[PDB]
file model_31.pdb (PDB, N, CA and C atoms)
ATOM      1  N   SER D   1       0.849  -1.217   0.000
ATOM      2  CA  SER D   1       0.000   0.000   0.000
ATOM      3  C   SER D   1       0.881   1.263   0.000
ATOM      4  N   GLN D   2       0.525   2.222  -0.873
ATOM      5  CA  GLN D   2       1.331   3.414  -1.156
ATOM      6  C   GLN D   2       1.335   4.385   0.023
ATOM      7  N   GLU D   3       0.154   4.577   0.626
ATOM      8  CA  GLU D   3      -0.111   5.665   1.590
ATOM      9  C   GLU D   3       0.897   5.708   2.764
ATOM     10  N   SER D   4       1.202   4.542   3.363
ATOM     11  CA  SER D   4       2.115   4.454   4.526
ATOM     12  C   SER D   4       3.563   4.715   4.099
ATOM     13  N   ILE D   5       3.915   4.231   2.895
ATOM     14  CA  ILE D   5       5.241   4.442   2.303
ATOM     15  C   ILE D   5       5.456   5.947   2.064
ATOM     16  N   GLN D   6       4.398   6.618   1.566
ATOM     17  CA  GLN D   6       4.388   8.061   1.277
ATOM     18  C   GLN D   6       4.461   8.909   2.552
ATOM     19  N   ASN D   7       3.879   8.399   3.664
ATOM     20  CA  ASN D   7       4.090   8.991   5.007
ATOM     21  C   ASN D   7       5.584   8.986   5.351
ATOM     22  N   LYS D   8       6.235   7.834   5.110
ATOM     23  CA  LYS D   8       7.664   7.653   5.383
ATOM     24  C   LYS D   8       8.512   8.529   4.449
ATOM     25  N   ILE D   9       8.139   8.631   3.162
ATOM     26  CA  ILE D   9       8.891   9.441   2.177
ATOM     27  C   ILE D   9       8.838  10.933   2.572
ATOM     28  N   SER D  10       7.638  11.401   2.947
ATOM     29  CA  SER D  10       7.389  12.814   3.279
ATOM     30  C   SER D  10       8.126  13.258   4.564
ATOM     31  N   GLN D  11       8.244  12.350   5.546
ATOM     32  CA  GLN D  11       8.940  12.636   6.819
ATOM     33  C   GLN D  11      10.458  12.425   6.689
ATOM     34  N   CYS D  12      10.848  11.240   6.188
ATOM     35  CA  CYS D  12      12.261  10.792   6.083
ATOM     36  C   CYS D  12      13.101  11.652   5.125
ATOM     37  N   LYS D  13      12.431  12.370   4.194
ATOM     38  CA  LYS D  13      13.123  13.224   3.212
ATOM     39  C   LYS D  13      13.788  14.439   3.866
ATOM     40  N   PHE D  14      14.541  15.164   3.046
ATOM     41  CA  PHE D  14      15.143  16.446   3.404
ATOM     42  C   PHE D  14      15.453  17.221   2.120
ATOM     43  N   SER D  15      15.604  18.542   2.242
ATOM     44  CA  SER D  15      16.067  19.388   1.143
ATOM     45  C   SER D  15      17.597  19.212   1.018
ATOM     46  N   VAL D  16      18.019  18.531  -0.059
ATOM     47  CA  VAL D  16      19.411  18.107  -0.249
ATOM     48  C   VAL D  16      20.318  19.309  -0.566
ATOM     49  N   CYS D  17      21.474  19.351   0.104
ATOM     50  CA  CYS D  17      22.471  20.412  -0.039
ATOM     51  C   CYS D  17      23.877  19.773  -0.131
ATOM     52  N   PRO D  18      24.419  19.529  -1.377
ATOM     53  CA  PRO D  18      25.718  18.818  -1.592
ATOM     54  C   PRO D  18      26.919  19.492  -0.899
ATOM     55  N   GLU D  19      26.900  20.830  -0.854
ATOM     56  CA  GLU D  19      28.015  21.632  -0.313
ATOM     57  C   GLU D  19      27.958  21.708   1.226
ATOM     58  N   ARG D  20      26.743  21.681   1.797
ATOM     59  CA  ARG D  20      26.553  21.659   3.265
ATOM     60  C   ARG D  20      26.859  20.260   3.833
ATOM     61  N   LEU D  21      26.422  19.217   3.101
ATOM     62  CA  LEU D  21      26.670  17.802   3.456
ATOM     63  C   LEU D  21      28.144  17.402   3.237
ATOM     64  N   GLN D  22      28.897  18.249   2.486
ATOM     65  CA  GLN D  22      30.287  17.969   2.024
ATOM     66  C   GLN D  22      30.342  16.762   1.048
ATOM     67  N   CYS D  23      29.159  16.301   0.597
ATOM     68  CA  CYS D  23      29.008  15.077  -0.204
ATOM     69  C   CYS D  23      29.001  15.420  -1.701
ATOM     70  N   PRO D  24      29.821  14.710  -2.553
ATOM     71  CA  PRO D  24      29.831  14.928  -4.017
ATOM     72  C   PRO D  24      28.500  14.507  -4.660
ATOM     73  N   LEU D  25      28.190  15.112  -5.824
ATOM     74  CA  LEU D  25      26.903  14.938  -6.522
ATOM     75  C   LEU D  25      26.562  13.454  -6.739
ATOM     76  N   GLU D  26      27.537  12.699  -7.281
ATOM     77  CA  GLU D  26      27.418  11.247  -7.541
ATOM     78  C   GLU D  26      27.033  10.438  -6.280
ATOM     79  N   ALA D  27      27.637  10.797  -5.130
ATOM     80  CA  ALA D  27      27.477  10.058  -3.859
ATOM     81  C   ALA D  27      26.062  10.209  -3.287
ATOM     82  N   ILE D  28      25.365  11.280  -3.704
ATOM     83  CA  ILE D  28      23.996  11.596  -3.245
ATOM     84  C   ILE D  28      23.046  11.790  -4.449
ATOM     85  N   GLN D  29      23.466  11.297  -5.634
ATOM     86  CA  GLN D  29      22.663  11.366  -6.878
ATOM     87  C   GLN D  29      21.444  10.436  -6.801
ATOM     88  N   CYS D  30      20.290  10.939  -7.272
ATOM     89  CA  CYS D  30      19.082  10.140  -7.456
ATOM     90  C   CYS D  30      19.262   9.231  -8.683
ATOM     91  N   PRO D  31      19.352   7.876  -8.486
ATOM     92  CA  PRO D  31      19.583   6.918  -9.592
ATOM     93  C   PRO D  31      18.340   6.733 -10.491
ATOM     94  N   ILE D  32      17.217   7.375 -10.109
ATOM     95  CA  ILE D  32      15.961   7.357 -10.877
ATOM     96  C   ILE D  32      16.025   8.429 -11.986
ATOM     97  N   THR D  33      16.302   9.669 -11.550
ATOM     98  CA  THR D  33      16.268  10.875 -12.399
ATOM     99  C   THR D  33      17.624  11.138 -13.086
ATOM    100  N   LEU D  34      18.686  10.425 -12.635
ATOM    101  CA  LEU D  34      20.072  10.582 -13.152
ATOM    102  C   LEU D  34      20.600  12.006 -12.922
ATOM    103  N   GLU D  35      20.211  12.577 -11.778
ATOM    104  CA  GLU D  35      20.662  13.900 -11.333
ATOM    105  C   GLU D  35      20.715  13.925  -9.806
ATOM    106  N   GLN D  36      21.611  14.759  -9.266
ATOM    107  CA  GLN D  36      21.693  15.019  -7.827
ATOM    108  C   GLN D  36      20.429  15.808  -7.410
ATOM    109  N   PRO D  37      19.542  15.221  -6.545
ATOM    110  CA  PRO D  37      18.195  15.770  -6.295
ATOM    111  C   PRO D  37      18.212  17.060  -5.473
ATOM    112  N   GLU D  38      17.110  17.802  -5.570
ATOM    113  CA  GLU D  38      16.892  19.041  -4.810
ATOM    114  C   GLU D  38      16.347  18.687  -3.413
ATOM    115  N   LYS D  39      15.592  17.569  -3.360
ATOM    116  CA  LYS D  39      15.061  16.962  -2.129
ATOM    117  C   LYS D  39      15.060  15.437  -2.308
ATOM    118  N   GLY D  40      15.312  14.683  -1.232
ATOM    119  CA  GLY D  40      15.412  13.240  -1.346
ATOM    120  C   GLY D  40      15.365  12.518  -0.022
ATOM    121  N   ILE D  41      15.237  11.185  -0.113
ATOM    122  CA  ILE D  41      15.148  10.265   1.027
ATOM    123  C   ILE D  41      16.291   9.234   0.941
ATOM    124  N   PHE D  42      16.693   8.707   2.092
ATOM    125  CA  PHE D  42      17.638   7.576   2.154
ATOM    126  C   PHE D  42      16.851   6.270   2.338
ATOM    127  N   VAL D  43      16.962   5.377   1.341
ATOM    128  CA  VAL D  43      16.376   4.028   1.374
ATOM    129  C   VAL D  43      17.527   3.021   1.470
ATOM    130  N   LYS D  44      17.490   2.177   2.516
ATOM    131  CA  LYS D  44      18.538   1.191   2.780
ATOM    132  C   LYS D  44      18.488   0.065   1.739
ATOM    133  N   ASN D  45      19.487   0.065   0.850
ATOM    134  CA  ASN D  45      19.736  -1.038  -0.077
ATOM    135  C   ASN D  45      20.390  -2.184   0.717
ATOM    136  N   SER D  46      19.529  -2.873   1.489
ATOM    137  CA  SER D  46      19.911  -3.938   2.422
ATOM    138  C   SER D  46      20.384  -5.173   1.654
ATOM    139  N   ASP D  47      19.782  -5.384   0.464
ATOM    140  CA  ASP D  47      20.153  -6.467  -0.461
ATOM    141  C   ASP D  47      21.630  -6.348  -0.878
ATOM    142  N   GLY D  48      22.052  -5.111  -1.207
ATOM    143  CA  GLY D  48      23.419  -4.862  -1.657
ATOM    144  C   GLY D  48      24.447  -5.018  -0.543
ATOM    145  N   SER D  49      24.396  -4.106   0.448
ATOM    146  CA  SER D  49      25.331  -4.084   1.608
ATOM    147  C   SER D  49      24.854  -3.060   2.663
ATOM    148  N   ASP D  50      23.510  -2.899   2.784
ATOM    149  CA  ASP D  50      22.865  -1.954   3.747
ATOM    150  C   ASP D  50      23.207  -0.475   3.395
ATOM    151  N   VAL D  51      23.548  -0.250   2.116
ATOM    152  CA  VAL D  51      24.000   1.070   1.643
ATOM    153  C   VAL D  51      22.794   1.998   1.470
ATOM    154  N   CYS D  52      22.838   3.152   2.128
ATOM    155  CA  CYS D  52      21.756   4.124   2.086
ATOM    156  C   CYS D  52      21.921   4.975   0.827
ATOM    157  N   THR D  53      20.912   4.908  -0.040
ATOM    158  CA  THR D  53      20.954   5.522  -1.363
ATOM    159  C   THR D  53      19.957   6.675  -1.388
ATOM    160  N   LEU D  54      20.390   7.824  -1.922
ATOM    161  CA  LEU D  54      19.574   9.034  -1.929
ATOM    162  C   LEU D  54      18.730   9.090  -3.211
ATOM    163  N   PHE D  55      17.445   8.771  -3.056
ATOM    164  CA  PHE D  55      16.441   8.844  -4.123
ATOM    165  C   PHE D  55      15.703  10.168  -3.983
ATOM    166  N   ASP D  56      15.444  10.888  -5.093
ATOM    167  CA  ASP D  56      14.623  12.120  -5.052
ATOM    168  C   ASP D  56      13.247  11.782  -4.473
ATOM    169  N   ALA D  57      12.808  12.577  -3.484
ATOM    170  CA  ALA D  57      11.591  12.305  -2.702
ATOM    171  C   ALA D  57      10.359  12.135  -3.601
ATOM    172  N   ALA D  58      10.225  13.014  -4.608
ATOM    173  CA  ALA D  58       9.080  13.001  -5.534
ATOM    174  C   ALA D  58       9.237  11.918  -6.616
ATOM    175  N   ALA D  59      10.493  11.580  -6.969
ATOM    176  CA  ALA D  59      10.792  10.560  -7.994
ATOM    177  C   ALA D  59      10.521   9.143  -7.474
ATOM    178  N   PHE D  60      10.819   8.924  -6.187
ATOM    179  CA  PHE D  60      10.575   7.644  -5.514
ATOM    180  C   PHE D  60       9.079   7.526  -5.186
ATOM    181  N   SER D  61       8.485   8.661  -4.759
ATOM    182  CA  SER D  61       7.032   8.832  -4.594
ATOM    183  C   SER D  61       6.277   8.502  -5.890
ATOM    184  N   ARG D  62       6.907   8.824  -7.036
ATOM    185  CA  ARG D  62       6.379   8.479  -8.358
ATOM    186  C   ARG D  62       6.314   6.964  -8.510
ATOM    187  N   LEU D  63       7.463   6.301  -8.280
ATOM    188  CA  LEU D  63       7.600   4.835  -8.414
ATOM    189  C   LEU D  63       6.570   4.089  -7.553
ATOM    190  N   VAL D  64       6.404   4.550  -6.299
ATOM    191  CA  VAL D  64       5.458   3.960  -5.348
ATOM    192  C   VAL D  64       4.023   4.157  -5.865
ATOM    193  N   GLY D  65       3.724   5.397  -6.289
ATOM    194  CA  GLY D  65       2.401   5.773  -6.797
ATOM    195  C   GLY D  65       1.994   5.015  -8.064
ATOM    196  N   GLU D  66       2.987   4.670  -8.902
ATOM    197  CA  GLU D  66       2.765   3.942 -10.168
ATOM    198  C   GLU D  66       2.658   2.429  -9.926
ATOM    199  N   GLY D  67       3.333   1.944  -8.871
ATOM    200  CA  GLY D  67       3.436   0.508  -8.581
ATOM    201  C   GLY D  67       4.730  -0.106  -9.101
ATOM    202  N   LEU D  68       5.690   0.760  -9.460
ATOM    203  CA  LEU D  68       7.037   0.364  -9.901
ATOM    204  C   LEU D  68       7.906   0.023  -8.674
ATOM    205  N   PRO D  69       8.680  -1.111  -8.689
ATOM    206  CA  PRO D  69       9.511  -1.532  -7.529
ATOM    207  C   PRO D  69      10.779  -0.669  -7.362
ATOM    208  N   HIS D  70      11.666  -1.106  -6.449
ATOM    209  CA  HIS D  70      12.923  -0.413  -6.140
ATOM    210  C   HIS D  70      13.794  -0.361  -7.415
ATOM    211  N   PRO D  71      14.230   0.848  -7.877
ATOM    212  CA  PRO D  71      14.834   1.007  -9.227
ATOM    213  C   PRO D  71      16.241   0.377  -9.342
ATOM    214  N   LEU D  72      16.827  -0.012  -8.191
ATOM    215  CA  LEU D  72      18.139  -0.674  -8.139
ATOM    216  C   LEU D  72      17.973  -2.200  -8.063
ATOM    217  N   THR D  73      17.405  -2.688  -6.943
ATOM    218  CA  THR D  73      17.411  -4.134  -6.601
ATOM    219  C   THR D  73      16.081  -4.825  -6.980
ATOM    220  N   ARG D  74      15.117  -4.020  -7.488
ATOM    221  CA  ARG D  74      13.803  -4.471  -8.022
ATOM    222  C   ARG D  74      12.900  -5.078  -6.933
ATOM    223  N   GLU D  75      13.241  -4.837  -5.655
ATOM    224  CA  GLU D  75      12.485  -5.359  -4.509
ATOM    225  C   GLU D  75      11.191  -4.560  -4.294
ATOM    226  N   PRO D  76      10.115  -5.207  -3.742
ATOM    227  CA  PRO D  76       8.831  -4.531  -3.502
ATOM    228  C   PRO D  76       9.013  -3.413  -2.458
ATOM    229  N   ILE D  77       8.840  -2.153  -2.906
ATOM    230  CA  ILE D  77       8.999  -0.975  -2.050
ATOM    231  C   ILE D  77       8.077  -1.076  -0.826
ATOM    232  N   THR D  78       8.681  -0.898   0.347
ATOM    233  CA  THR D  78       8.015  -1.049   1.636
ATOM    234  C   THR D  78       8.568  -0.004   2.609
ATOM    235  N   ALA D  79       7.780   0.299   3.647
ATOM    236  CA  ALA D  79       8.174   1.218   4.721
ATOM    237  C   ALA D  79       9.332   0.638   5.567
ATOM    238  N   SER D  80       9.571  -0.686   5.420
ATOM    239  CA  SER D  80      10.678  -1.396   6.067
ATOM    240  C   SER D  80      12.050  -0.949   5.511
ATOM    241  N   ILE D  81      12.186  -0.899   4.165
ATOM    242  CA  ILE D  81      13.488  -0.618   3.504
ATOM    243  C   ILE D  81      13.787   0.886   3.411
ATOM    244  N   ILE D  82      12.852   1.764   3.806
ATOM    245  CA  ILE D  82      13.120   3.215   3.840
ATOM    246  C   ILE D  82      13.414   3.627   5.294
ATOM    247  N   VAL D  83      14.402   4.511   5.473
ATOM    248  CA  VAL D  83      14.783   5.052   6.790
ATOM    249  C   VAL D  83      14.751   6.575   6.749
ATOM    250  N   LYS D  84      14.880   7.181   7.932
ATOM    251  CA  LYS D  84      15.011   8.630   8.070
ATOM    252  C   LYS D  84      16.462   9.028   7.810
ATOM    253  N   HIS D  85      16.643  10.248   7.292
ATOM    254  CA  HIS D  85      17.965  10.760   6.864
ATOM    255  C   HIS D  85      18.965  10.896   8.035
ATOM    256  N   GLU D  86      18.442  10.928   9.275
ATOM    257  CA  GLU D  86      19.258  11.025  10.497
ATOM    258  C   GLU D  86      19.694   9.631  11.002
ATOM    259  N   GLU D  87      18.930   8.577  10.643
ATOM    260  CA  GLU D  87      19.233   7.183  11.041
ATOM    261  C   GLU D  87      20.174   6.525  10.024
ATOM    262  N   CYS D  88      20.633   7.315   9.050
ATOM    263  CA  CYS D  88      21.669   6.915   8.105
ATOM    264  C   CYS D  88      22.753   8.003   8.082
ATOM    265  N   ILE D  89      24.014   7.586   8.209
ATOM    266  CA  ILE D  89      25.171   8.495   8.322
ATOM    267  C   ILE D  89      26.268   8.009   7.370
ATOM    268  N   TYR D  90      27.195   8.903   6.970
ATOM    269  CA  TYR D  90      28.413   8.473   6.264
ATOM    270  C   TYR D  90      29.267   7.665   7.265
ATOM    271  N   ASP D  91      29.525   6.400   6.962
ATOM    272  CA  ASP D  91      30.353   5.546   7.822
ATOM    273  C   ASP D  91      31.764   5.494   7.229
ATOM    274  N   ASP D  92      32.769   5.644   8.099
ATOM    275  CA  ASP D  92      34.180   5.790   7.705
ATOM    276  C   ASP D  92      34.837   4.426   7.388
ATOM    277  N   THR D  93      34.457   3.343   8.111
ATOM    278  CA  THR D  93      35.030   1.997   7.849
ATOM    279  C   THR D  93      34.330   1.331   6.640
ATOM    280  N   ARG D  94      33.044   1.677   6.417
ATOM    281  CA  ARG D  94      32.281   1.217   5.239
ATOM    282  C   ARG D  94      32.596   2.097   4.021
ATOM    283  N   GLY D  95      33.009   3.348   4.294
ATOM    284  CA  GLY D  95      33.413   4.303   3.256
ATOM    285  C   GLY D  95      32.242   4.910   2.486
ATOM    286  N   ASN D  96      31.030   4.817   3.060
ATOM    287  CA  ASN D  96      29.778   5.225   2.382
ATOM    288  C   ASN D  96      28.637   5.303   3.423
ATOM    289  N   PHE D  97      27.520   5.963   3.053
ATOM    290  CA  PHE D  97      26.310   6.053   3.883
ATOM    291  C   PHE D  97      25.731   4.655   4.188
ATOM    292  N   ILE D  98      25.631   4.319   5.484
ATOM    293  CA  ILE D  98      24.890   3.136   5.973
ATOM    294  C   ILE D  98      23.985   3.554   7.151
ATOM    295  N   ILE D  99      23.203   2.597   7.671
ATOM    296  CA  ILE D  99      22.312   2.820   8.830
ATOM    297  C   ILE D  99      23.131   2.858  10.142
ATOM    298  N   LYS D 100      22.612   3.565  11.165
ATOM    299  CA  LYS D 100      23.217   3.613  12.508
ATOM    300  C   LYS D 100      23.087   2.258  13.230
ATOM    301  N   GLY D 101      23.892   2.085  14.293
ATOM    302  CA  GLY D 101      23.891   0.855  15.100
ATOM    303  C   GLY D 101      22.620   0.707  15.925
ATOM    304  N   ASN D 102      22.203   1.822  16.538
ATOM    305  CA  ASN D 102      20.974   1.910  17.342
ATOM    306  C   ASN D 102      20.478   3.369  17.283
TER     307      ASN D 102
END
call {"tool": "encode", "arguments": {"input": "model_31.pdb", "output": "structure tokens"}}
result
Amino acid sequence: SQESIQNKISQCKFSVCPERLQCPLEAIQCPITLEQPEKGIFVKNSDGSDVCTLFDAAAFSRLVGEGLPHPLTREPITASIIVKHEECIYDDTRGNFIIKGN
């Protein structure tokens, strides 16, 4: 069901700022729109290596609204695989954005 996922997208998102985050465009690029988003959410690519990927909030909202699955791993989009932008951080030993320990 879209509605609960869209609750998570609307809250978990943020207005993306590459220069404030110190993060390069590619590292926070929306893989849907093929551009570094103006606003976006972190969805845990748990299938890959728990890597938090920045999808444009409205572009991922599009996929959910259409019934299109996760644009990377093709998994059924759920409120489980999406996290809040604060519960995902750049990890130094992983060398990339992952989820927090607790």
call {"tool": "atom_distance", "arguments": {"input": "model_31.pdb", "atom1": "atom CA of residue D:6", "atom2": "atom CA of residue D:61"}}
result
6.5 Å
call {"tool": "select_by_dssp", "arguments": {"input": "model_31.pdb", "residues": "chain D", "states": "alpha helix (DSSP H)", "output": "ChimeraX atom specification"}}
result
/D:2-12,57-66
call {"tool": "resolve_selection", "arguments": {"input": "model_31.pdb", "expression": "the PyMOL selection byres ((chain D and resi 65-74) around 8)", "output": "number ranges by chain"}}
result
D: 2-3, 6, 31-32, 45, 47-48, 59-64, 75-78
call {"tool": "write_last_selection", "arguments": {"input": "model_31.pdb", "atoms": "N, CA and C atoms", "output": "PDB file, in the frame of the given file"}}
result
ATOM      1  N   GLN D   2       0.525   2.222  -0.873  1.00  0.00           N
ATOM      2  CA  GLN D   2       1.331   3.414  -1.156  1.00  0.00           C
ATOM      3  C   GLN D   2       1.335   4.385   0.023  1.00  0.00           C
ATOM      4  N   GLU D   3       0.154   4.577   0.626  1.00  0.00           N
ATOM      5  CA  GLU D   3      -0.111   5.665   1.590  1.00  0.00           C
ATOM      6  C   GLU D   3       0.897   5.708   2.764  1.00  0.00           C
ATOM      7  N   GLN D   6       4.398   6.618   1.566  1.00  0.00           N
ATOM      8  CA  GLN D   6       4.388   8.061   1.277  1.00  0.00           C
ATOM      9  C   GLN D   6       4.461   8.909   2.552  1.00  0.00           C
ATOM     10  N   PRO D  31      19.352   7.876  -8.486  1.00  0.00           N
ATOM     11  CA  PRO D  31      19.583   6.918  -9.592  1.00  0.00           C
ATOM     12  C   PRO D  31      18.340   6.733 -10.491  1.00  0.00           C
ATOM     13  N   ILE D  32      17.217   7.375 -10.109  1.00  0.00           N
ATOM     14  CA  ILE D  32      15.961   7.357 -10.877  1.00  0.00           C
ATOM     15  C   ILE D  32      16.025   8.429 -11.986  1.00  0.00           C
ATOM     16  N   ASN D  45      19.487   0.065   0.850  1.00  0.00           N
ATOM     17  CA  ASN D  45      19.736  -1.038  -0.077  1.00  0.00           C
ATOM     18  C   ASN D  45      20.390  -2.184   0.717  1.00  0.00           C
ATOM     19  N   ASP D  47      19.782  -5.384   0.464  1.00  0.00           N
ATOM     20  CA  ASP D  47      20.153  -6.467  -0.461  1.00  0.00           C
ATOM     21  C   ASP D  47      21.630  -6.348  -0.878  1.00  0.00           C
ATOM     22  N   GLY D  48      22.052  -5.111  -1.207  1.00  0.00           N
ATOM     23  CA  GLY D  48      23.419  -4.862  -1.657  1.00  0.00           C
ATOM     24  C   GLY D  48      24.447  -5.018  -0.543  1.00  0.00           C
ATOM     25  N   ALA D  59      10.493  11.580  -6.969  1.00  0.00           N
ATOM     26  CA  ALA D  59      10.792  10.560  -7.994  1.00  0.00           C
ATOM     27  C   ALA D  59      10.521   9.143  -7.474  1.00  0.00           C
ATOM     28  N   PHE D  60      10.819   8.924  -6.187  1.00  0.00           N
ATOM     29  CA  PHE D  60      10.575   7.644  -5.514  1.00  0.00           C
ATOM     30  C   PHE D  60       9.079   7.526  -5.186  1.00  0.00           C
ATOM     31  N   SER D  61       8.485   8.661  -4.759  1.00  0.00           N
ATOM     32  CA  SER D  61       7.032   8.832  -4.594  1.00  0.00           C
ATOM     33  C   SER D  61       6.277   8.502  -5.890  1.00  0.00           C
ATOM     34  N   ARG D  62       6.907   8.824  -7.036  1.00  0.00           N
ATOM     35  CA  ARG D  62       6.379   8.479  -8.358  1.00  0.00           C
ATOM     36  C   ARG D  62       6.314   6.964  -8.510  1.00  0.00           C
ATOM     37  N   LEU D  63       7.463   6.301  -8.280  1.00  0.00           N
ATOM     38  CA  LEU D  63       7.600   4.835  -8.414  1.00  0.00           C
ATOM     39  C   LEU D  63       6.570   4.089  -7.553  1.00  0.00           C
ATOM     40  N   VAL D  64       6.404   4.550  -6.299  1.00  0.00           N
ATOM     41  CA  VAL D  64       5.458   3.960  -5.348  1.00  0.00           C
ATOM     42  C   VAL D  64       4.023   4.157  -5.865  1.00  0.00           C
ATOM     43  N   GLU D  75      13.241  -4.837  -5.655  1.00  0.00           N
ATOM     44  CA  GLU D  75      12.485  -5.359  -4.509  1.00  0.00           C
ATOM     45  C   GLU D  75      11.191  -4.560  -4.294  1.00  0.00           C
ATOM     46  N   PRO D  76      10.115  -5.207  -3.742  1.00  0.00           N
ATOM     47  CA  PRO D  76       8.831  -4.531  -3.502  1.00  0.00           C
ATOM     48  C   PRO D  76       9.013  -3.413  -2.458  1.00  0.00           C
ATOM     49  N   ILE D  77       8.840  -2.153  -2.906  1.00  0.00           N
ATOM     50  CA  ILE D  77       8.999  -0.975  -2.050  1.00  0.00           C
ATOM     51  C   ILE D  77       8.077  -1.076  -0.826  1.00  0.00           C
ATOM     52  N   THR D  78       8.681  -0.898   0.347  1.00  0.00           N
ATOM     53  CA  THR D  78       8.015  -1.049   1.636  1.00  0.00           C
ATOM     54  C   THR D  78       8.568  -0.004   2.609  1.00  0.00           C
TER      55      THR D  78
END
call {"tool": "residues_around", "arguments": {"input": "model_31.pdb", "residues": "residue D:51", "least_positions_apart": "5", "cutoff": "7 Å", "atoms": "only C-alpha atoms", "output": "VMD selection string"}}
result
chain D and resid 44 to 46 97 to 98
call {"tool": "atom_distance", "arguments": {"input": "model_31.pdb", "atom1": "atom CA of residue D:16", "atom2": "atom N of residue D:100"}}
result
18.8 Å
call {"tool": "atom_distance", "arguments": {"input": "model_31.pdb", "atom1": "atom N of residue D:18", "atom2": "atom CA of residue D:54"}}
result
11.6 Å
call {"tool": "closest_residue", "arguments": {"input": "model_31.pdb", "among": "D:1, D:33, D:39, D:28", "to": "residue D:53", "atoms": "only N, CA and C atoms"}}
result
D:28
call {"tool": "residues_around", "arguments": {"input": "model_31.pdb", "residues": "residue D:12", "least_positions_apart": "6", "cutoff": "6 Å", "atoms": "all atoms listed in the file", "output": "list in words"}}
result
residues 40, 41, 42, 83, 84 and 85 of chain D
call {"tool": "closest_residue", "arguments": {"input": "model_31.pdb", "among": "D:82, D:8, D:52, D:58", "to": "residue D:96", "atoms": "all atoms listed in the file"}}
result
D:52
call {"tool": "axis_aligned_box", "arguments": {"input": "model_31.pdb", "around": "stretch 74-92 of chain D", "padding_each_side": "4 Å", "output": "lines of an AutoDock Vina configuration file"}}
result
center_x = 21.3
center_y = 2.8
center_z = 1.5
size_x = 35.1
size_y = 24.4
size_z = 27.1
call {"tool": "select_by_dssp", "arguments": {"input": "model_31.pdb", "residues": "chain D", "states": "strand (DSSP E)", "output": "VMD selection string"}}
result
chain D and resid 14 to 15 39 to 45 51 to 56 82 to 83 88 to 91 96 to 99
call {"tool": "build_atoms", "arguments": {"input": "model_31.pdb", "residues": "stretch 47-58 of chain D", "atoms": "N, CA, C and O atoms", "output": "short mmCIF file (atom, residue, chain, number, x, y, z; two decimals), in the frame of the given file"}}
result
data_model
loop_
_atom_site.label_atom_id
_atom_site.label_comp_id
_atom_site.auth_asym_id
_atom_site.auth_seq_id
_atom_site.Cartn_x
_atom_site.Cartn_y
_atom_site.Cartn_z
N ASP D 47 19.78 -5.38 0.46
CA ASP D 47 20.15 -6.47 -0.46
C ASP D 47 21.63 -6.35 -0.88
O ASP D 47 22.35 -7.35 -0.91
N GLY D 48 22.05 -5.11 -1.21
CA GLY D 48 23.42 -4.86 -1.66
C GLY D 48 24.45 -5.02 -0.54
O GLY D 48 25.22 -5.98 -0.55
N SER D 49 24.40 -4.11 0.45
CA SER D 49 25.33 -4.08 1.61
C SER D 49 24.85 -3.06 2.66
O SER D 49 25.68 -2.45 3.36
N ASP D 50 23.51 -2.90 2.78
CA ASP D 50 22.86 -1.95 3.75
C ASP D 50 23.21 -0.48 3.40
O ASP D 50 23.09 0.45 4.22
N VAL D 51 23.55 -0.25 2.12
CA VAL D 51 24.00 1.07 1.64
C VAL D 51 22.79 2.00 1.47
O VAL D 51 21.87 1.68 0.72
N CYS D 52 22.84 3.15 2.13
CA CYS D 52 21.76 4.12 2.09
C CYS D 52 21.92 4.97 0.83
O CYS D 52 22.94 5.66 0.64
N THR D 53 20.91 4.91 -0.04
CA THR D 53 20.95 5.52 -1.36
C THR D 53 19.96 6.68 -1.39
O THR D 53 18.82 6.52 -0.91
N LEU D 54 20.39 7.82 -1.92
CA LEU D 54 19.57 9.03 -1.93
C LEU D 54 18.73 9.09 -3.21
O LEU D 54 19.24 9.37 -4.30
N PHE D 55 17.44 8.77 -3.06
CA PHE D 55 16.44 8.84 -4.12
C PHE D 55 15.70 10.17 -3.98
O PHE D 55 15.37 10.52 -2.87
N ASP D 56 15.44 10.89 -5.09
CA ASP D 56 14.62 12.12 -5.05
C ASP D 56 13.25 11.78 -4.47
O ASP D 56 12.63 10.81 -4.91
N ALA D 57 12.81 12.58 -3.48
CA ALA D 57 11.59 12.30 -2.70
C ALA D 57 10.36 12.14 -3.60
O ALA D 57 9.60 11.19 -3.43
N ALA D 58 10.22 13.01 -4.61
CA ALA D 58 9.08 13.00 -5.53
C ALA D 58 9.24 11.92 -6.62
O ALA D 58 8.23 11.40 -7.12
#
